[PDB]
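Asker: model the structure of this input:
(5 chains, ligands or ions: 4)
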Amino acid sequence: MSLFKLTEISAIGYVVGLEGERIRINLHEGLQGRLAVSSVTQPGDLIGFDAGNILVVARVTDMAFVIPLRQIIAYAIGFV
Amino acid sequence: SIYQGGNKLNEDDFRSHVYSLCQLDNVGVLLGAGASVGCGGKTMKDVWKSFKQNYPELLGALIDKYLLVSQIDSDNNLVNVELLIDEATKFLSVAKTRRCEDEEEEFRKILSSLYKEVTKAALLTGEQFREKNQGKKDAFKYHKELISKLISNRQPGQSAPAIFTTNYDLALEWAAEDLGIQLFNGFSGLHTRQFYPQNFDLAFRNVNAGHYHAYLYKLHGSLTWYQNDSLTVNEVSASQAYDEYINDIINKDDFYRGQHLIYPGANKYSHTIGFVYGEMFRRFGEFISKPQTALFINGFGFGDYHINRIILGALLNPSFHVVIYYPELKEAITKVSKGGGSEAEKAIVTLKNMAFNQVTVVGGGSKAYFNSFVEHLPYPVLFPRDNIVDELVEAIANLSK
Amino acid sequence: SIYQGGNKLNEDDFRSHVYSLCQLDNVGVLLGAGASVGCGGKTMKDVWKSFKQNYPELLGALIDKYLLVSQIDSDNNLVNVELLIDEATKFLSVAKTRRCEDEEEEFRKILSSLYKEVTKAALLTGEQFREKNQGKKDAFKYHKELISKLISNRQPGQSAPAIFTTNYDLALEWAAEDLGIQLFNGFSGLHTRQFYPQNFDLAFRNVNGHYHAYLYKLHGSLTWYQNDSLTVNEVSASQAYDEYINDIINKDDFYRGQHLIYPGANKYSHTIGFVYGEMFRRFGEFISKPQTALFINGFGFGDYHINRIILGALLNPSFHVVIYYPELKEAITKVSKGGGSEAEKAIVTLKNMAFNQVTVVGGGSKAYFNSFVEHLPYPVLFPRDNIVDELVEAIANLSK
Amino acid sequence: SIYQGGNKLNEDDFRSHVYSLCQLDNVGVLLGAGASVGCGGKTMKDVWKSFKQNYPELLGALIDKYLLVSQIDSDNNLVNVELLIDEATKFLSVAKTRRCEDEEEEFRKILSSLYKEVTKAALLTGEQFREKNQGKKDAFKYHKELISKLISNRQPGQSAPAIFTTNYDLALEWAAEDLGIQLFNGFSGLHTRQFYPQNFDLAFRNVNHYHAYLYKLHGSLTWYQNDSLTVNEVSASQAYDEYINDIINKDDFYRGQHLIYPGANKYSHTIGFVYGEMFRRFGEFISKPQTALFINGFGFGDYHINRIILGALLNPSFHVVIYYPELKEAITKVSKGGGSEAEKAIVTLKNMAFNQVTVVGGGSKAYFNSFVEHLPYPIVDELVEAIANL
Amino acid sequence: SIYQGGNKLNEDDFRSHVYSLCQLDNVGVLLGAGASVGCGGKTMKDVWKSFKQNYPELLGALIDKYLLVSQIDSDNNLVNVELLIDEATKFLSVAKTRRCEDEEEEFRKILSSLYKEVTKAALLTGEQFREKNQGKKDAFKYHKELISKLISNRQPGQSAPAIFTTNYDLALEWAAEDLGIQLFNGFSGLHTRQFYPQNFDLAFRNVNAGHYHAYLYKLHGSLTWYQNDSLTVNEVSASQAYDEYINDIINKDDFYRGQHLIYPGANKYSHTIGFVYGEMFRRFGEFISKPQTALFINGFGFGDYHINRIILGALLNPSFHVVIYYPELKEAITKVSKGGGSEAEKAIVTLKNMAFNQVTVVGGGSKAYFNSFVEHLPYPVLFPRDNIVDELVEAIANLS
Ligand SMILES: Nc1ncnc2c1ncn2[C@@H]1O[C@H](COP(=O)(O)OP(=O)(O)OC[C@H]2O[C@H](O)[C@H](O)[C@@H]2O)[C@@H](O)[C@H]1O
Ligand SMILES: Nc1ncnc2c1ncn2[C@@H]1O[C@H](COP(=O)(O)OP(=O)(O)OC[C@H]2O[C@H](O)[C@H](O)[C@@H]2O)[C@@H](O)[C@H]1O
Ligand SMILES: Nc1ncnc2c1ncn2[C@@H]1O[C@H](COP(=O)(O)OP(=O)(O)OC[C@H]2O[C@H](O)[C@H](O)[C@@H]2O)[C@@H](O)[C@H]1O
Ligand SMILES: Nc1ncnc2c1ncn2[C@@H]1O[C@H](COP(=O)(O)OP(=O)(O)OC[C@H]2O[C@H](O)[C@H](O)[C@@H]2O)[C@@H](O)[C@H]1O
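Answerer: Numbering: from 1, shown residues only, chains lettered A, B, ... in the order given. Ligands and ions are numbered 1, 2, ... in the order given. Take a look:
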């Protein structure tokens, strides 16, 4: 209503499962554009995780299927 | 003296109709300058009469040289203030453009003297404007009754009432601050009040799960609002406003430079920097474009083009009902029959002759006044009478009648 | 005075019948040349008087040589105008083929005069036909009430009313425009307005209205014309008056195909007329739907096609009609004595049926347009059971 | 010369981006007088030049006695030909009220001349303006493509496209009429057309064929105010036979507060009412979520429109594409001390730092016809002539 | 010689095309005066030869006095026979109206010869016209096959086949009454037949759960329709018509009644007879304005203007298909290529050159006759192609 506004964030997915050093991620669909400007659509890259106090760093490993759904697998290497 | 769709109906049918209307989803009221006549205010006719008898030489110059006011209208009191103000503004603009000097200064004095009379008539209490508890006096009893009646008639899950007006006075603000109700008018803060269009979409809520509130739209500005050089609008209290900039307007002369914002003009689209004016009218046009709507009009003179056009165009909606109060209906009909009549009278006669059962017009002289209009509105019926023994009561009574 | 199914009916039951007949799914009206007498219009009896007064030598030529019109029939003002146009056309066509020059001009003159007299009777306002805001006058008062009453009795989800007429004059358009309501008649465009048959399948909808109807002119209009390209265009009153109407009215120029109207008995002579067929297909499709009501007013019952169609719609057990015929008893008596014209036999046949779906009204001046409009009811806003009110009067009746 | 916030782009990325934007809900197009030059139009500079060298004997009084024209701007061909008409109307009204017979006759000649130059440059077909099927010609070929591909791309359940325009000519009307679709411009009726602001909330449907909305921000040739305080609209032929003909083929004559083009008689409360509605509708549309806008032909000579355009960018969902041909010649001036306010505004729009504005420049590369090509893609004569041959 | 937009296509492609158009929503057939020549009929130029060889005395007065026919046409056998009878009736009517006694005999004597000539060619069986079970003879073997093939390839929830014709004889009725099919033609009754135009919207259904019926539109009348003294149109049986008026027409030499008969398109000036003719044309125009129509034409000479005009206009709809048989392309292409032939040739050759896929023309002499038309049509898989019933009927008759 007044001036104060809070949220400004731009991600590409959200964590959906943890299986003993192995992370599952679901990729967004309804976003007309994931533009903010960098986009990650390929294995080998590095991704980050906002845990409120620290930043956790991981590394992409796989992509596959199953408006359908897309999934990604990653592994963790350290924190900042 | 009550018509509906061209025909005629009596008192009891009218009262049942008025009871039915207050049960709908949306209800609103539009007030004019004649509603605040019983509190201490006065109409434009009185403004012209007090103006002509205070500055004789300026009036003489208006009539003689500039030929803006006819010699007949001054004596019969038919001069229109808004059109005169607009014409003087146009003269000033061309005089500025052609770089003449004497005429521009001549018009400045007229334009300043005309605002002083307008401002003095909106105080409603004279010297006691800069005091507290002004709503405790008996002059504001029917405003309090109107506010109490409007809110009590709602049901859970329904929306609060809305109030539109074209006055500059504080009668309706003074009345509510004595009941403890909250009116939302688009401002926030205390040590610095500013206008935000976004906060017309706010409501209360209770943390453990102040339930009375309403809205107020001022179409022609207010006597308290003033615009700063940074293109923002601020609001103060009555005491501070009287003590800082409307004691120099009244007592002392030649001191008007956009000190506070009002719209006494006929053409209000010319001002290309007033966005409050465009904000209010958008909400007004949005309100009457909804299903199941009722509107009550009182005190309006039907001499404004934009409002007439808006009201006329909303009548093609099959869920819109209006009730219009107009004291001098007989004279309007009589004068229109002869092929004459003022531009305001043709508009009101045209509405009365429509064939749709969604328009109702009330005449009668002193029966269509403000104090009479409040008395028509119903009181809520709490606990709809349990059981059906009222039928037995009516039998027992009426059989001996 | 009022008959239903052959028996007699009273006024209160007639009003109760008319009220409950306006709740059905389909409602329509069919108007004739009498519904515009109160506005400035004329009938076919006045055209003959004007013709026989203005042109006194062509009448002698008709009576003496060609024997098309008899003396006694002309004296009593009982000669059909439509049936004379066809005979004159036949004579002209025969004379043209055998290469006769003198006998070809007189029929041209007769047709031009007879077409000129018909045109004058449809302006309704004389030279004021070209001005604007013609619907504000007091003459067009009951057309407005008719449209308002018809259009306000429509629950959401139903279909809009339909109006059919055989007049060339612009009474309904003038009335409705001053009221602010839109009518669909199959045309579209402003700079180039053209007839499209598929424009009858459209309707309004709200993006986030509801006051409109349809209009079918069965015998053409006075602002329609065909530019020979198998297309039909429509223009405004002022444009038509400046283009061709003025020349016909004043300059006595020879008539040509300036504007397409259909006065005459046989309407199928014209082969490239594709609007008449579309109108009659839409008319015939309307009366075959279930739960329909139709009110007829001003129609003189002298058209073969139309009353041929009306009879065939009584084989549907969900169709109802109400017919307004002022001079009922005079038609009633003449049939028993040997019979009148074919016009008066049709109404007597219709009256004597045995189905509770045909109602005939007579009575002279109480079966007029103004009488018709006031019978239609107003919608009831905020309905309530009101049972306790009748309980109170059922108390008071015994209290009496 | 394609820029995006100070960067550069190639053709293919832009051609993909414009397609990507077109898959939105609210899509709109804003035009200007630049789109009328391919059919027989002009510009402000051209008409000003034509005015100077046809009426030079009265140019002095606009600078000596009444101070309406800046001498530098007159010698520079940069004056704005809209406010001049408004101020002339104000001056004439004041003079007529004062009953100054000597000075009343001065401004009528000026207005008569200005309207002659204004009308002469908008017929687009000369003496053929009154005839029929004028939208069938080859000149009005590119406009039909825009409407066709705007209608076709929209999915079922999407809103209809909206069109805003600064032109006051009958160009899109002919194109739509000869295409076979209906546009809502805010009027209704045939024998008396009247302006109802609430018709903009209407839509067709099938009882068991499309439409679009057209806004004119500066009026049109076919609007006028009669004795009654109401606004009317007529056809092309009726307007030609009523008032347009005399304005072009007569020496000196003037009517008064009659015409509603361009932005002329704003001093009356009946004529400003229509002007306000279009502007407020544009403002309300432009401030909605998930909208697009394809500006073309607009020279940014209006102070008020830029104020609204800039402010709406605060939401992240407002996308703008601009087509400004002479871009570098403005940058060169901007580096120097000189320039003009439109140039300063456009270069400020160039030097932004976000991926929402997309300026496009060049020569013939940034014209109206090229923009038509960028947007995606969506024997009857033989039968007609065979039928007519029978 | 098969063309589709100018490109020649072989036989198998044509057959696969015909197979695909027979399974659309709407299917129709138009037949002319050449389609009944295998039963005992004659073409239009075989009638003119008989007339001008039998009555050489009226031919001089009908050319040199009343200008009703040209010399070039009557020399080349290009007379429109049913367009002359209408004009003759008009002439006789006007002469009767204005009472010119000498001119009535000259037309009552030639109208008695024109009917005596055209009537005799439409009996198809001579003196056996009044007998029963005429559909069991071998001349009507292919009409049955056409009707049987048209009905057997419709799926449930689809319309019925429609058949139009310009022949006014009784071949199709006799063929259909032998299979047991029922054809609707607008008449109902037995002791008084009457014309009810609204029953073209009726259909049958089965009360237990049949679909064996079709529509027949006769564009130029019939031998069995006539107008009695009252103004209603009646229909009788072949025996009854023969005993009432046909015998005297064929035998007696001074027999002419008046505006009585309703063939071929004659008494059009009357306003109760033109009503019958107008409905057939209105419904023909309505049929071909539908989304998925396919129409076959065979036996037609393209010598008419209104039908050609209607057919041309229906092609500006992307889902209307036409197939045309004309056994004379070779003799017309050259005559048009050199200098230009007649209107029929010009029409057909302008249609042939069109660059559509929606037009197909077939030629080649006997390869495009009526008999060849039938075998191009499909044949259902489950349709019984054997003979079992007849053997049992023979055994039953032999018993006792
Ligand atoms: N006690 C009363 N109660 C109700 N109505 C009354 C009373 N006394 C008089 N009236 C009626 O009140 C009606 C209006 O009085 P006017 O002052 O002419 O109304 P306006 O047209 O100026 O409207 C006000 C604004 O309109 C403009 O835009 C300016 O901004 C004005 O300030 C009359 O019909 C009275 O009979
Ligand atoms: N004020 C009145 N209100 C209602 N009905 C009236 C009134 N005055 C007379 N009538 C009745 O209105 C009727 C008028 O009879 P006619 O003039 O023959 O009306 P039409 O439209 O059939 O004639 C038009 C012809 O031309 C067209 O092309 C059609 O084909 C027609 O053949 C009579 O019953 C009057 O009593
Ligand atoms: N062929 C072309 N293709 C593309 N752009 C062009 C072309 N030709 C010119 N341009 C560009 O288009 C521009 C158009 O020049 P002006 O006529 O001044 O622009 P407007 O009509 O939009 O401004 C007038 C409005 O603004 C004020 O408020 C007025 O009062 C009006 O309301 C040229 O300068 C070129 O940059
Ligand atoms: N066995 C045959 N099979 C098929 N076609 C044949 C056969 N024999 C001849 N033909 C062809 O059949 C055709 C005979 O054409 P005609 O009888 O003169 O024309 P119409 O039947 O339209 O005549 C009536 C029309 O006259 C007015 O125009 C009205 O419109 C009427 O409808 C020729 O092409 C022959 O080659």
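Asker: get me the contact residues on the stretch 301-401 of chain B for chain C.
Answerer: B:316-318, B:355-358, B:390-391, B:394-395, B:398-401 (C-beta under 8 Å from any C-beta of the partner chain). The C-beta positions use only the backbone N, C-alpha and C, and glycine is treated the same way.
Asker: ranking the residues you listed by neighbours, who comes first?
Answerer: residue B:356 (20 neighbours; other C-beta atoms under 10 Å in any protein chain shown).
Asker: leaving out the residues flanking it, which one is nearest to the residue in the stretch 151-300 of chain B that ligand 2 sits nearest to?
Answerer: At 39.7 Å from ligand 2, residue B:291 is the closest residue in the stretch 151-300 of chain B, using C-beta to the nearest ligand atom. Spatial nearest neighbour of residue B:291, excluding adjacent residues (C-beta to C-beta, 6 or more residues apart in numbering or on different chains): residue B:319 at 4.4 Å.
Asker: quick one: residues contacting that neighbour.
Answerer: For residue B:319, the contacting residues are B:291-293, by C-beta atoms under 8 Å, 6 or more residues apart in numbering or on different chains.
Asker: phi, psi for residue A:47 please.
Answerer: phi -130, psi 160 (degrees, to the nearest 10).
Asker: whoops, residue B:164 was the one
Answerer: phi -110, psi 140.
Asker: my guess is it meets residue B:284, correct?
Answerer: Yes: counting by C-beta atoms under 8 Å, residue B:164 sits close enough to residue B:284 to count as a contact (6.0 Å).
Asker: so for these two, which residues contact both of them?
Answerer: Here residue B:164 and residue B:284 have B:217, B:219 as joint contacts, going by C-beta under 8 Å, 6+ apart.
Asker: what about residue 11, neighbour count?
Answerer: Looking at chain A here, since you left the chain open. By other C-beta under 10 Å, 12 other residues sit near residue A:11.
Asker: could you do chain B instead?
Answerer: Residue B:11 sits with 9 neighbouring residues when counted by other C-beta under 10 Å.
Asker: name the residues of stretch B:190-200 that are buried.
Answerer: Residues of stretch B:190-200 classed as buried by neighbour count (16 or more other C-beta atoms under 10 Å in any protein chain shown): residue B:195.
Asker: still on that earlier bit, which among the residues of the stretch 301-401 of chain B next to chain C gets closest to residue A:34?
Answerer: residue B:317 (43.9 Å; C-beta to C-beta).
Asker: once you drop chain neighbours, what's closest to that closest one?
Answerer: That would be residue B:289: by C-beta to C-beta, 6+ apart, it lies 7.2 Å from residue B:317.
Asker: distance of the one you found from ligand 1?
Answerer: Separation of residue B:289 from ligand 1 (C-beta to the nearest ligand atom, to the nearest Å): 23 Å.
Asker: what helix or strand is residue A:75 on?
Answerer: Assigned by DSSP states H and E, residue A:75 belongs to strand A:70-79.
Asker: what does chain A put close to chain C?
Answerer: Counting by C-beta under 8 Å from any C-beta, no residue of chain A is near chain C.
Asker: residues from chain A in reach of chain D?
Answerer: Residues of chain A lying near chain D by C-beta under 8 Å from any C-beta: A:32-33, A:35, A:37.
Asker: now, which of these sits nearest chain B?
Answerer: Nearest to chain B among the residues of chain A next to chain D is residue A:32, at 25.1 Å by C-beta to the nearest C-beta.
Asker: tell me the contacts of the closest one?
Answerer: D:23-24, D:290.
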